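Report on one structure; see the data block that follows.
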Amino acid sequence: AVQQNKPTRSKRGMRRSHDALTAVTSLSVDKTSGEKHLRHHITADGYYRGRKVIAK
Amino acid sequence: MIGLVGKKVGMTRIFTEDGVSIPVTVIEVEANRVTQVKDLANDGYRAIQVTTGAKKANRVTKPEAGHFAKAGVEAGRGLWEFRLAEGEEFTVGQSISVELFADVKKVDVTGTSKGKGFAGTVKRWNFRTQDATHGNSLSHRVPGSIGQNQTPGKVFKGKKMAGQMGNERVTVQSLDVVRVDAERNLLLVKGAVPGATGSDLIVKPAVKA
Amino acid sequence: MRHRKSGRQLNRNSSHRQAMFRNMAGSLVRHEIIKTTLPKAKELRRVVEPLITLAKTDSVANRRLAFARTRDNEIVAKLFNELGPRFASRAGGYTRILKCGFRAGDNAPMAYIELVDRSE
Amino acid sequence: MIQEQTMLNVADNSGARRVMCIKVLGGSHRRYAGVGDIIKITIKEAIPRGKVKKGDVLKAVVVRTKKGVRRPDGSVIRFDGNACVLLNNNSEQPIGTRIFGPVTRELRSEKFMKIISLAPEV
Amino acid sequence: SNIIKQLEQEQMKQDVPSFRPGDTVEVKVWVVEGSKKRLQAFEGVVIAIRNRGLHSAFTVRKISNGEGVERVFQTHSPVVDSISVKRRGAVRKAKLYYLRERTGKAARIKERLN
RNA sequence: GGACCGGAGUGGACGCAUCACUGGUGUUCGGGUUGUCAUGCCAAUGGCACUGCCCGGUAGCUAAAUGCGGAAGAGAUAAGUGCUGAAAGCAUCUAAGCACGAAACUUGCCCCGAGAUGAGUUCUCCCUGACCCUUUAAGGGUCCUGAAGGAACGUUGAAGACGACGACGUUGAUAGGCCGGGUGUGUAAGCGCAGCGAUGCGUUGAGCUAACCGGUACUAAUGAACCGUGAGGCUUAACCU
RNA sequence: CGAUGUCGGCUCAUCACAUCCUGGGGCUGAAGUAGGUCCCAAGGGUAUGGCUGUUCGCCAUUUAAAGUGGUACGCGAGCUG
RNA sequence: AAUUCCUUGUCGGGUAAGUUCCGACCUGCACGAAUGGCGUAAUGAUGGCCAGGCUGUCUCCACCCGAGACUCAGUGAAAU
RNA sequence: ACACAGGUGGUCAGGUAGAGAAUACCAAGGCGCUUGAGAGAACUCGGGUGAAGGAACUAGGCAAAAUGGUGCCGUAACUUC
């Protein structure tokens with residue numbers, strides 16, 4: 001129909017050779033509570049860099 | 001000596017007392033300074049190295065900053081090298097600007113092209129479009145034909161394809177000079193040149209002339 | 001092949017964009033705080049601030065400019081009785097985009113857009 | 001535009017209104033005519049007070065255009081519609097002995113200079 | 001870097017009239033004709049406001065005798081003996097391209113005299 | 001009727017680029033307009049009718065607007081045209097010996113080019129701590145202590161499918177707002193006055209402002225660590241050691 | 001003979017030269033100016049209308065230029081039918 | 001000519017030329033009256049020819065706004 | 001087979017616009033339809049605007065465009081009147 005010979009494990013595995021980027025930027029930690037976040041994202045406590053953010 | 005650096009700073013009119021208005025392009029020269037003259041024992045030619053302009057202290061990295069430190073504090077915009085002709089040169093206190101063209105009638109300009117992406121084929125390679133009324137079933141644009149016959153089974157290197165367009169060199173090689181100002185670094189040239197206002201460029205004397 | 005733009009295109013047509021932004025700018029002066037998509041909150045920051053620069057006016061030709069183009073039924077006077085005057089000596093910068101993560105389980109850039117000063 | 005098989009009026013005296021251009025000429029071919037282009041022309045109504053025959057084939061030169069003229073100045077001068085004047089084979093200069101419209105002082109071209117030398121407004 | 005916005009102005013004149021569309025201006029200019037310098041005068045109505053700095057063309061349409069006649073001139077050009085503010089035009093549009101479709105008294109512009 | 005030369009005059013075919021010549025397009029701008037619904041009503045403002053409809057157009061773009069050449073020199077040949085001369089006393093363009101010369105060949109002109117791993121040349125910048133273990137040109141572990149630089153975090157574009165890449169993230173200018181400039185449109189939107197009223201006159205050469213670009217601290221643009229360390233394999237003659 | 005689309009065109013290219021047109025040289029039955037003709041030379045280059053579905057072939061306009069050939073007398077997993 | 005092959009036979013008309021089109025000619029290869037003739041008003045998803053009108057079909061292309069593609073996250077095929 | 005761009009007989013008939021149970025906007029009343037958010041590439045499907053000429057396109061004005069309605073005035077060849 002559309003291909004000659006069932007494609008090999010090497011040929012299909014090639015996509016895995018580009019994987020080296022570290023996950024979640026390795027996070028940031030809050031220096032006043034010890035919880036983790038992304039590098040400019042807000043805490044679960046309604047705080048950012050030791051002050052109150054957003055109405056909850 | 002050297003290929004002199006400047007920028008396209010706008011368009012103007014110079015007029016005539018016969019009656020014609022004459023539109024022309026305005027270039028501002030940033031000028032070039034010497035950093036070394038090289039000996040005939042290297043490569044088999046006498047050559048010269050030149051730098052340009054000044055840049056703020058919050059830019060340029062140490063590998064380039066230390067090579068600006070061996071001649072001053074102005075810094076930035078990198079380095080150029082050229083071969084010498086008809087004269088022996090010195091480095092101390094030496095610079096060059098628009099007086100380089102004080103007896104030159106035609107010039108040769110090299111700049112950069114505007115970004116256009118993958119750009120396609122209709123404008124890029126003049127692959128002429130086809131009918132949208134009468135016939136031409138889902139073939140409104142067809143990218144030439146990549147094979148000359150159906151027997152070879154090959155696409156050949158002597159053919160053009162769609163691909164990244166812009167951020168590369170562009171030139172005009174017969175460009176006429178109108179006026180220069182040795183106090184204001186003005187270069188006034190006939191007609192228009194590649195790129196919009198603020199485009200960075202280099203200029204040489206015309207050789208095909 | 002776009003050559004220049006100054007204001008996001010957005011998905012859905014121009015008759016949705018107009019109707020949605022007048023209503024959402026009304027909602028922002030009616031509540032002081034909104035949570036919505038970041039590029040759409042930047043496009044909201046384009047339209048809410050020229051309305052606060054109008055809300056300091058008193059001329060017969062300005063005080064009721066285009067009422068049905070940005071229309072409310074609760075804060076119609078509070079806009080000029082307090083809200084426009086609250087920034088009328090400031091010269092720009094009336095809001096904060098408040099760039100945060102997540103609207104659902106996947107990280108789309110979110111904006112908790114607010115006024116630079118709030119009533120309570 | 002002005003090309004082959006095209007209806008083109010004449011500023012030439014008793015030359016009629018139904019007149020047709022059949023070839024644009026001057027050297028290696030260029031498709032279209034403007035002010036100072038020579039053309040091969042034919043007369044379709046000729047008029048009873050006329051001076052050339054219905055169906056005859058002769059030379060003419062274009063002197064009025066909707067496109068206008070800019071080449072010597074860079075700013076355009078524009079006329080209403082399109083027109084020409086009839087031109088001799090070997091005997092030099094146009095056939096018109098009175099030629100209509102104000103024309104232009106740029107029409108001083110040595111092989112056409114009779115037109116600015118009859119009775120122009122310029 | 002300094003000459004941005006300068007050499008695109010240095011060939012400009014210091015005082016030239018703001019007539020706007022529908023006004024008349026009475027322009028006088030020289031020609032040389034491969035022989036001798038001669039003065040000539042052109043009259044008509046202005047069709048656009050000429051607001052473009054050094055790159056300001058202005059367009060005048062005669063439409064007083066015969067058919068059409070329309071000329072373009074450069075605002076900052078040296079070859080101009082005289083230009084004036086001769087007759088006012090009480091028009092309510094930015095462009096007068098509609099006069100290509102007017103004849104007789106309907107092709108005249110009014111000054112209002114008030 | 002009436003050539004070639006290298007050197008000028010002026011056009012055709014072609015292409016690429018400019019937006020400054022003039023024109024066009026232009027649903028972030030202004031004016032005009034038909035009908036009806038909503039905003040209680042009015043003065044009016046909005047929705048719907050493809051962007052309802054027609055008239056101009058900033059910014060952006062663009063051809064019909066506009067410019068320009070594919071040349072000389074240099075090197076060296078082929079076809080050809082020839083010299084001087086031996087084999088062949090002479091003769092002979094050829095053998096020995098030497099020329100000139102083509103829309104061709106190589107440069108010269110423009111671009112890319114050292115993975116040219118044939119990894120070339122030349123210059124700038126940074127890192128100067130020590131142990132532990134094995135059957136070890138393999139590595140592995142930790143302490144002491146971290147550079148030049150790159151990315152990420154971002155604000156964003158004239159850079160772009162996504163990546164990537166220029167700009168900017170404070171002795172301040174990347175994007176926005178706010179201001180000021182500069183274009184566009186064409187005389188606020190109310191209030192008087194003229195009139196039988198559609199409408200006109202006065203305030204008003206007005207109003208409104210966006211993309212072009214000059215300001216401004218007003219809004220936004222983390223601390224830092226991971227990658228990259230602690231001087232980096234071998235040898236010859238002479239010197240240092 | 002278990003797919004082995006048909007005429008011409010539209011369409012986009014590439015090789016040959018027993019060279020059409022261009023560069024160089026000659027023979028000449030060549031006075032200028034052009035032809036007639038062939039030795040070299042492949043870097044580049046060669047019709048718009050009218051009739052036919054057309055290619056063929058005839059007529060108008062007529063050549064810087066409407067040469068001859070190969071690639072299914074190229075050219076349907078592009079298009080037209 | 002839905003009828004005559006080479007045949008665009010033969011004379012003319014219009015054309016810029018015209019196997020197209022029209023007026024005609026008539027030793028019609030293989031016109032001919034109910035397996036109808038010949039023709040006329042009205043008539044036709046009417047063939048061809050000529051002109052006017054308007055037109056992005058074309059000359060010859062250029063711009064603007066919608067929905068996908070492209071990025072992310074949920075859901076996710078077949079001939080062979 | 002499907003929360004299927006399909007098919008399925010009549011009745012009742014408020015205001016403005018219009019001749020009209022065509023058709024523009026709404027009342028009374030009902031619906032808000034089962035992937036979503038950004039980006040603003042080639043290449044397509046669904047729309048808008050084009051200056052000069054002009055059918056030169058094509059077998060062919062195909063398609064698209066202008067024109068487009070109403071009442072009066074006015075209206076040729078030929079005719080079975």
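Letters for chains follow the order of the structure tokens (A, B, ...), residue numbers begin at 1 for each chain, and ligand numbers begin at 1 in the order shown.
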Q: Excluding residue 25 of chain G and residues on its chain fewer than 5 positions from it, collect all residues at most 12 Å away from it, counting only C-alpha atoms (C1' of nucleotides), and give them as a PyMOL selection string.
A: (chain F and resi 79-81+101-102) or (chain G and resi 38-41)
Would you give me, as a Markdown table, each residue of chain C having an atom within 10 Å of an atom of chain H, along with its shortest atom pair and that distance in Å to one decimal, using only C-alpha atoms (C1' of nucleotides) and sorting by chain and residue number?
```
| residue | atom | partner | partner_atom | distance |
| --- | --- | --- | --- | --- |
| C:9 | CA | H:65 | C1' | 9.9 |
| C:11 | CA | H:66 | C1' | 9.3 |
| C:12 | CA | H:66 | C1' | 8.3 |
| C:13 | CA | H:66 | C1' | 7.1 |
| C:14 | CA | H:65 | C1' | 8.8 |
| C:104 | CA | H:73 | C1' | 9.0 |
| C:105 | CA | H:73 | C1' | 7.8 |
| C:106 | CA | H:73 | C1' | 5.4 |
| C:107 | CA | H:73 | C1' | 8.0 |
| C:108 | CA | H:72 | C1' | 7.7 |
```
Quick one: which chain C residues come within 9 Å of chain B, and what is the nearest atom pair for each with the distance in Å to one decimal, counting only C-alpha atoms, rows ordered by chain and ascending number, as a Markdown table?
```
| residue | atom | partner | partner_atom | distance |
| --- | --- | --- | --- | --- |
| C:1 | CA | B:116 | CA | 7.6 |
| C:2 | CA | B:116 | CA | 8.9 |
| C:3 | CA | B:116 | CA | 8.3 |
```
As an exercise, work out the distance from atom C1' of residue 217 of chain F to atom CA of residue 101 of chain C in Å and give it to one decimal place.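 Between these atoms lies a distance of 27.8 Å.
Looking only at chain B, the set that DSSP places in helix (DSSP H, G or I) from backbone geometry is residues 62, 63, 64, 65, 66, 67, 68, 69, 98, 99, 100 and 101 of chain B.
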Note to self: Which residues are near residue 173 of chain B? Cut-off 10 Å, only C-alpha atoms (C1' of nucleotides), ignore same chain within fewer than 5 positions. Put them as a PyMOL selection string.
What the structure shows: (chain B and resi 106-110+203-209) or (chain F and resi 68-69+109-110)
Query - Long-range neighbours of residue 4 of chain B as a PyMOL selection string, 9 Å cut-off, only C-alpha atoms (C1' of nucleotides), 5 positions minimum in chain - result: chain B and resi 29-32+96-98+100+201-204
Can you write out the residues you just picked, keeping N, CA, C and O atoms, as a PDB file, in the first residue's frame?
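Generated output (selection.pdb):
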```
ATOM      1  N   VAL B  29      28.544  58.143   7.764  1.00  0.00           N
ATOM      2  CA  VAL B  29      29.757  57.350   7.995  1.00  0.00           C
ATOM      3  C   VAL B  29      30.191  57.431   9.459  1.00  0.00           C
ATOM      4  O   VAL B  29      30.338  58.510  10.027  1.00  0.00           O
ATOM      5  N   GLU B  30      30.444  56.279  10.063  1.00  0.00           N
ATOM      6  CA  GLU B  30      30.887  56.155  11.461  1.00  0.00           C
ATOM      7  C   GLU B  30      32.421  56.178  11.595  1.00  0.00           C
ATOM      8  O   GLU B  30      32.946  56.348  12.697  1.00  0.00           O
ATOM      9  N   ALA B  31      33.111  56.094  10.454  1.00  0.00           N
ATOM     10  CA  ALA B  31      34.562  56.121  10.272  1.00  0.00           C
ATOM     11  C   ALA B  31      35.298  54.902  10.847  1.00  0.00           C
ATOM     12  O   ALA B  31      34.785  54.167  11.697  1.00  0.00           O
ATOM     13  N   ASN B  32      36.523  54.693  10.366  1.00  0.00           N
ATOM     14  CA  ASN B  32      37.377  53.569  10.721  1.00  0.00           C
ATOM     15  C   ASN B  32      38.733  54.031  11.260  1.00  0.00           C
ATOM     16  O   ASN B  32      39.342  54.941  10.709  1.00  0.00           O
ATOM     17  N   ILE B  96      40.267  57.082   9.177  1.00  0.00           N
ATOM     18  CA  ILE B  96      39.753  57.414   7.841  1.00  0.00           C
ATOM     19  C   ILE B  96      38.217  57.535   7.822  1.00  0.00           C
ATOM     20  O   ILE B  96      37.496  56.723   8.399  1.00  0.00           O
ATOM     21  N   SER B  97      37.724  58.552   7.124  1.00  0.00           N
ATOM     22  CA  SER B  97      36.302  58.867   6.909  1.00  0.00           C
ATOM     23  C   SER B  97      36.041  59.247   5.436  1.00  0.00           C
ATOM     24  O   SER B  97      36.815  58.882   4.552  1.00  0.00           O
ATOM     25  N   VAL B  98      34.949  59.959   5.144  1.00  0.00           N
ATOM     26  CA  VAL B  98      34.457  60.300   3.787  1.00  0.00           C
ATOM     27  C   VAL B  98      35.460  60.989   2.853  1.00  0.00           C
ATOM     28  O   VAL B  98      35.259  60.959   1.639  1.00  0.00           O
ATOM     29  N   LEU B 100      38.066  59.686   1.933  1.00  0.00           N
ATOM     30  CA  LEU B 100      38.433  58.519   1.129  1.00  0.00           C
ATOM     31  C   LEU B 100      37.867  58.564  -0.308  1.00  0.00           C
ATOM     32  O   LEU B 100      38.457  57.995  -1.233  1.00  0.00           O
ATOM     33  N   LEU B 201      25.826  49.316   6.783  1.00  0.00           N
ATOM     34  CA  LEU B 201      26.456  49.039   5.487  1.00  0.00           C
ATOM     35  C   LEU B 201      27.954  49.391   5.440  1.00  0.00           C
ATOM     36  O   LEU B 201      28.428  50.222   6.208  1.00  0.00           O
ATOM     37  N   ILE B 202      28.669  48.806   4.477  1.00  0.00           N
ATOM     38  CA  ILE B 202      30.064  49.117   4.128  1.00  0.00           C
ATOM     39  C   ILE B 202      30.154  49.558   2.661  1.00  0.00           C
ATOM     40  O   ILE B 202      29.386  49.093   1.818  1.00  0.00           O
ATOM     41  N   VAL B 203      31.083  50.459   2.352  1.00  0.00           N
ATOM     42  CA  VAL B 203      31.286  51.034   1.017  1.00  0.00           C
ATOM     43  C   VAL B 203      32.761  51.034   0.579  1.00  0.00           C
ATOM     44  O   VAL B 203      33.670  51.303   1.363  1.00  0.00           O
ATOM     45  N   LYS B 204      32.979  50.735  -0.706  1.00  0.00           N
ATOM     46  CA  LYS B 204      34.262  50.683  -1.433  1.00  0.00           C
ATOM     47  C   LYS B 204      34.170  51.536  -2.713  1.00  0.00           C
ATOM     48  O   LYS B 204      33.056  51.854  -3.131  1.00  0.00           O
TER      49      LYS B 204
END
```
